[PDB]
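*Asks:*
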RNA sequence: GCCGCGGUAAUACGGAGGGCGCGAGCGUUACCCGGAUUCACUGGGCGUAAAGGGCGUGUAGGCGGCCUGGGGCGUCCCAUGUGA
RNA sequence: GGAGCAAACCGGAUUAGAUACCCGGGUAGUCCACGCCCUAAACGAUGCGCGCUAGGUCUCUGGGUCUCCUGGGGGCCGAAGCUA
RNA sequence: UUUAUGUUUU
Ligand SMILES: [Mg+2]
Ligand SMILES: [Mg+2]
Ligand SMILES: [Mg+2]
Ligand SMILES: [Mg+2]
Ligand SMILES: [Mg+2]
Ligand SMILES: [Mg+2]
Ligand SMILES: [Mg+2]
Ligand SMILES: [Mg+2]
Ligand SMILES: [Mg+2]
Ligand SMILES: [Mg+2]
Ligand SMILES: [Mg+2]
Ligand SMILES: [Mg+2]
Ligand SMILES: [Mg+2]
Ligand SMILES: [Mg+2]
Ligand SMILES: [Mg+2]
Ligand SMILES: [Mg+2]
Ligand SMILES: [Mg+2]
Ligand SMILES: [Mg+2]
Ligand SMILES: [Mg+2]
Ligand SMILES: [Mg+2]
Ligand SMILES: [Mg+2]
Ligand SMILES: [Mg+2]
Ligand SMILES: [Mg+2]
Ligand SMILES: [Mg+2]
Ligand SMILES: [Mg+2]
Ligand SMILES: [Mg+2]
Ligand SMILES: [Mg+2]
Ligand SMILES: [Mg+2]
Ligand SMILES: [Mg+2]
Ligand SMILES: [Mg+2]
Ligand SMILES: [Mg+2]
Ligand SMILES: [Mg+2]
Ligand SMILES: [Mg+2]
Ligand SMILES: [Mg+2]
Ligand SMILES: [Mg+2]
Ligand SMILES: [Mg+2]
Ligand SMILES: [Mg+2]
Ligand SMILES: [Mg+2]
Ligand SMILES: [Mg+2]
Ligand SMILES: [Mg+2]
Ligand SMILES: [Mg+2]
Ligand SMILES: [Mg+2]
Ligand SMILES: [Mg+2]
Ligand SMILES: [Zn+2]
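Printed below as a string of structure tokens:
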């Protein structure tokens, strides 16, 4: 069913990273890859590879975590601590170029879809465009 | 020399717990048959290898290992193998706090020395017929839980646990203190909180005597002069 | 307008000599020499661990009392400092210093901040050649402060100009003692001015 | 070297036949203003005694406070229980804006310039525990990249 | 003003001495915003705190899977007019 | 339509009183047809659809190359996470 | 199988 294909993805990722899983399968779309790209290019994921489950197209996403820690709760930090949908189907969110977000003072990325393609808070400010604002990650 | 083959690992060192598992134990598990999960012994190598690397490095800088198992299987194979190393150990019940509270539980060690002197001495017979039996009985059990803990009046940089689940207390006790934790862990528990992992049967004495035995050897070698086989087979099968 | 009546209750109260005085607060009394405790029936009783607000209040009042300024004005200047680009602690301190009545003290044409007040409102002062009687008046870099023409007599002036020799005036200030006059050279940088105050708190006060 | 300011002393009471037996508890902060802070909650039968373990426990739990020039690296929001603290960095020359609890902690840790608000439950005990966790979770441009590279 | 003070030792009432805050002003009353993420777009909720419709079927409305073109309505960019 | 039961009502007890509790009676109603009423602790006090996040065990019911696996239900205990 | 109740403020 899946009213939001994109949000569904970022949640499958969020949920795996929580359980520390090597990868997760996230049914495939062009625009979902273009976003899945920027996640490796900026280093939140090792990367993806197109694959097949039951003759059905998927994207396997390979998950990055931090080093084993010490003290109790000997569990890795997160490469993606935070991922959530900004503009969704229920309320769509478009920002002009002067209006683009600051995410985490610059410590993090804001993925945003524009006429020049899927760009990031910087890339878009550099091209000087803006567009629909997919989500935010740190 | 040090190592172990995968041949002597066959006494029965693969699997104990069937269906009783702790699924975080996936990586080290091979296949299920006849009940019990059979635990992969090739990884047990890659680990026993990397594990020993921390033990060998530790022993030759003069640091300590603290020995724990309370089971029926792992009891007598601790006392022996532990004294032969010269390391501390816990045989009977593991007193709560023994690490996060070393301070107050060790004040109970001093009382053990205070009881040893005064056994026969220029004091005792002057204390009435009641008190003697009393004090010596306080010595009896005192020596029981605290026999092997008596050594090492400072706290170690490692512990060695037979079943990481059977004392969960300990593993977390040390973990709270930054004290590294190494143990022999079957399907019972999760790799997770154990820092240096010995993925094999933690029951079936043949396995705990074999893996602890030649693991005590590796400690003497970084000290000096690894010695002839120490008591292992007693009532064994 | 400005506060009047007993000063030494303030020298004390605050618990640090602020020299609202003439040569006296220098003598072996600021009154704070004899009795280093707050005024009234209760001064000698054992103090209470003060409220976090109580500390910010006392600090603000200290600084404010030092310049002999009415709260009406004292806050005008704090809002100014805030609206102005800067570190907002020091811009406040500079703006205070830049008062005619404060300068005419710092330059020693008169001994007390209060003596330096009546001095201006009585016509005994001049800025850039002009008669100026308003104690609230600003001075920016470059201005020439001087005693007036008809005013160079009156033992009060030259009794206090004499005693100036041997004291080194402030880096932001300069004084030619023979010609009775000075120039406001620059804004009196934080370190340039050590008051007893922690100016931080004076800000943390007005944020309610 | 270390500084002790304490935000909370309070008397609780339990009940037994014939009266309310009291006991005391204390929130204490511990830090050098170089970026090292800690917090612990002591409880014992009298105020001074409980202020003691306050300090004791305080040093047993501490954190890096990766200042950049007296502010923090980035805006952070964290929730402990029902209580929530919003931490945003301000350019030097501002002030430290917070309530008693989030100030004492933040101010012993360095941090001359910061902006904050307490939301949800303003309970001081649970607001303090949420303020440490929102410092503890801070990260700089460095540990950011040491995180995501590969290798 | 809210919690509350006064029942023969009242820092809570009344006067006094003393102190704190402002000062040609200081208080009171009324009203607006603020604190109130307490109508929550930013920024809330609904097992037991106030809050899931007694359950269905379904009109409008709202939302909507994968691939590729066309238009460019939203959106975005630049320029310019106006924005007294 | 009416056997048993039973608001109301009558009687016996109880009690200071007993318009109740206990006992003996007892009429609507309980049942049927048709037509109304539209409430409820109508409760999992938990709206519906979809995807995603360890397992253990008991049970109902299909399919299986029927020591196990697989699907849809009903229960307990529990990972991560949530919760005052 | 008989019981019901306990003035106001501290
Ligand atoms: Mg400014
Ligand atoms: Mg304000
Ligand atoms: Mg909440
Ligand atoms: Mg609240
Ligand atoms: Mg409150
Ligand atoms: Mg009287
Ligand atoms: Mg009286
Ligand atoms: Mg009285
Ligand atoms: Mg009053
Ligand atoms: Mg009075
Ligand atoms: Mg008076
Ligand atoms: Mg008076
Ligand atoms: Mg008014
Ligand atoms: Mg909302
Ligand atoms: Mg609410
Ligand atoms: Mg809901
Ligand atoms: Mg309710
Ligand atoms: Mg319902
Ligand atoms: Mg409905
Ligand atoms: Mg209805
Ligand atoms: Mg429907
Ligand atoms: Mg429709
Ligand atoms: Mg579509
Ligand atoms: Mg549509
Ligand atoms: Mg199209
Ligand atoms: Mg224009
Ligand atoms: Mg009757
Ligand atoms: Mg009767
Ligand atoms: Mg009667
Ligand atoms: Mg009754
Ligand atoms: Mg009857
Ligand atoms: Mg009947
Ligand atoms: Mg009727
Ligand atoms: Mg309801
Ligand atoms: Mg449901
Ligand atoms: Mg519904
Ligand atoms: Mg079926
Ligand atoms: Mg069958
Ligand atoms: Mg089921
Ligand atoms: Mg449960
Ligand atoms: Mg849990
Ligand atoms: Mg009555
Ligand atoms: Mg009563
Ligand atoms: Zn004085």
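Chains as they are written, first to last, in the numbering used here: chain A, 1 to 138; chain B, 139 to 375; chain C, 376 to 583; chain D, 584 to 734.
A virtual CB, placed ideally from N, CA and C, is assigned to each residue, including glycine.
Mapping DSSP to helix, strand and coil, what is residue 388 of chain C?
*Replies:* Three-state result, residue 388 of chain C: helix.
*Asks:* What's the gap between the Cα of residue 540 of chain C and the Cα of residue 481 of chain C?
*Replies:* Taking the straight line from one Cα to the other gives about 14 Å.
*Asks:* Taking the alpha carbon of residue 553 of chain C as the reference point, which residue from C:546, C:479, C:521, C:566 has its own alpha carbon closest?
*Replies:* Per the Cα distances, C:521.
*Asks:* Taking the continuous beta strand (DSSP E) assigned at residue 699 of chain D, which residues delimit it?
*Replies:* 697 to 703 is the span of the beta strand (DSSP E), which, as asked, contains residue 699 of chain D.
*Asks:* Who are the neighbours of residue 462 of chain C on chain D, taking C-beta pairs under 8 Å?
*Replies:* The contacting residues are 675, 676.
*Asks:* Between residue 201 of chain B and residue 186 of chain B, what straight-line distance do the alpha-carbon atoms span, to the nearest angstrom?
*Replies:* Cα-Cα distance, rounded: 20 Å.
*Asks:* Give the range of the alpha helix (DSSP H) segment to which residue 613 of chain D is assigned.
*Replies:* Where residue 613 of chain D is concerned, there is no enclosing alpha helix (DSSP H), although the beta strand (DSSP E) it sits in stretches over 602 to 614.
*Asks:* If you follow the beta strand (DSSP E) that residue 532 of chain C is part of, which residue opens it and which one closes it?
*Replies:* Premise fails: residue 532 of chain C lies in the alpha helix (DSSP H), 531 to 537, not in any beta strand (DSSP E).
*Asks:* Given a limit of 9 Å on CB to CB distance, which residues of the region 552 to 579 of chain C reach chain D?
*Replies:* Under the 9 Å Cβ criterion, the region 552 to 579 of chain C contributes 575, 578, 579.
*Asks:* When DSSP labels each residue in this structure, what does residue 146 of chain B get in the three-state scheme?
*Replies:* Three-state DSSP puts residue 146 of chain B in a helix.
*Asks:* Count the CB pairs spanning the region 559 to 575 of chain C and the region 459 to 472 of chain C that are closer than 8 Å, and state whether there are at least three.
*Replies:* With a cut-off of 8 Å, the region 459 to 472 of chain C and the region 559 to 575 of chain C count as touching, because enough Cβ pairs lie within range.
*Asks:* Please go through the same chain and pick out, in chain order, the residues whose beta-carbon is closer than 7 Å to the beta-carbon of residue 723 of chain D, but skip the five residues on each side of it.
*Replies:* Excluding sequence neighbours, residue 723 of chain D sits near 649, 656.
*Asks:* Candidates D:681, D:715, D:701, D:608: which alpha carbon is nearest residue 665 of chain D's?
*Replies:* When only C-alpha atoms are compared, the closest one is D:701.
*Asks:* Reducing DSSP to helix, strand and coil, say where residue 379 of chain C ends up.
*Replies:* DSSP places residue 379 of chain C in coil when its eight states are reduced to three.
*Asks:* Using the three-state DSSP reduction, which class does residue 68 of chain A fall into: helix, strand or coil?
*Replies:* Here residue 68 of chain A sits in coil by DSSP.
*Asks:* How should residue 136 of chain A be labelled, buried or exposed, when 16 other C-beta atoms within 10 angstroms of its C-beta is the threshold for buried?
*Replies:* It is buried - the Cβ of residue 136 of chain A has at least 16 other Cβ atoms within 10 Å.
*Asks:* Just the C-alpha distance for residue 698 of chain D and residue 190 of chain B, rounded to the nearest angstrom, thanks.
*Replies:* Taking the straight line joining both Cα atoms gives about 51 Å.
*Asks:* Any beta-carbon of chain C closer than 8 Å to the one on residue 692 of chain D?
*Replies:* It does not: the Cβ of residue 692 of chain D has no partner Cβ on chain C nearer than 8 Å.
*Asks:* Would you be able to state if there are at least three C-beta pairs under 8 Å between the region 250 to 267 of chain B and the region 316 to 331 of chain B?
*Replies:* The region 316 to 331 of chain B, when compared against the region 250 to 267 of chain B, does not touch it at the 8 Å Cβ threshold.
*Asks:* Is the Cβ of residue 78 of chain A closer than 8 Å to any Cβ of chain B?
*Replies:* With 8 Å as the cut-off, residue 78 of chain A does not count as an interface residue toward chain B.
*Asks:* Answer with yes or no whether the minimum CB distance from residue 316 of chain B to chain A is below 8 Å.
*Replies:* True, the Cβ-Cβ gap to chain A drops below 8 Å.
*Asks:* Could you pull out every residue in the same chain whose Cβ sits closer than 8 Å to the Cβ of residue 419 of chain C, ignoring the five residues on either side in sequence?
*Replies:* Cβ neighbours of residue 419 of chain C beyond the five flanking positions: 412.
*Asks:* For a minimum of 4 consecutive residues, which ranges assigned as the alpha helix (DSSP H) are wholly contained in the region 294 to 320 of chain B?
*Replies:* Runs of the alpha helix (DSSP H) inside the region 294 to 320 of chain B: 306 to 313.
*Asks:* Buried or exposed: residue 672 of chain D, going by 16 or more other Cβ atoms within 10 Å of its Cβ?
*Replies:* Buried: at least 16 other Cβ atoms inside 10 Å.
*Asks:* Excluding the 5 residues flanking residue 2 of chain A on each side, which residues of the same chain have their C-beta closer than 7 Å to its C-beta?
*Replies:* Excluding sequence neighbours, residue 2 of chain A sits near 8.
*Asks:* Any chance the CB of residue 705 of chain D is under 7 Å from a heavy atom of ligand 5?
*Replies:* The answer is yes for residue 705 of chain D.
*Asks:* Quick one: does residue 37 of chain A have its CB under 8 Å from some CB of chain D?
*Replies:* Closer than 8 Å: no.
*Asks:* Considering only the alpha carbon of each residue, which of B:204, B:151, B:171 lies closest to residue 181 of chain B?
*Replies:* When only C-alpha atoms are compared, the closest one is B:151.
*Asks:* Is there at least one Cβ from chain D nearer than 8 Å to residue 473 of chain C's Cβ?
*Replies:* No, residue 473 of chain C does not count as interfacial toward chain D.
*Asks:* Work out the CA separation of residue 566 of chain C and residue 708 of chain D for me, nearest whole Å.
*Replies:* Going from the Cα of residue 708 of chain D to the Cα of residue 566 of chain C covers about 39 Å.
*Asks:* Looking only at C-alpha atoms, which of B:333, B:219, B:160 sits nearest to residue 73 of chain A?
*Replies:* Nearest option by C-alpha distance: B:333.
*Asks:* Could you check the C-alpha separation between residue 230 of chain B and residue 637 of chain D for me, to the nearest Å?
*Replies:* Spanning the two alpha carbons is a distance of roughly 36 Å.
*Asks:* So, are the CB atoms of residue 687 of chain D and residue 590 of chain D less than 8 Å apart?
*Replies:* Yes.
*Asks:* In chain order, which alpha helix (DSSP H) runs of at least 4 residues are fully inside the region 419 to 498 of chain C?
*Replies:* The qualifying runs are 427 to 441, 446 to 458, 465 to 472, 475 to 481, 490 to 496.
*Asks:* Do three or more CB pairs link the region 28 to 35 of chain A to the region 57 to 66 of chain A at distances below 8 Å?
*Replies:* Because the criterion of three Cβ pairs below 8 Å is met, the region 28 to 35 of chain A and the region 57 to 66 of chain A touch.
*Asks:* Are the CB atoms of residue 402 of chain B and residue 144 of chain B nearer to each other than 8 Å?
*Replies:* The question about residue 402 of chain B has no answer, for chain B in this structure spans 139 to 375.
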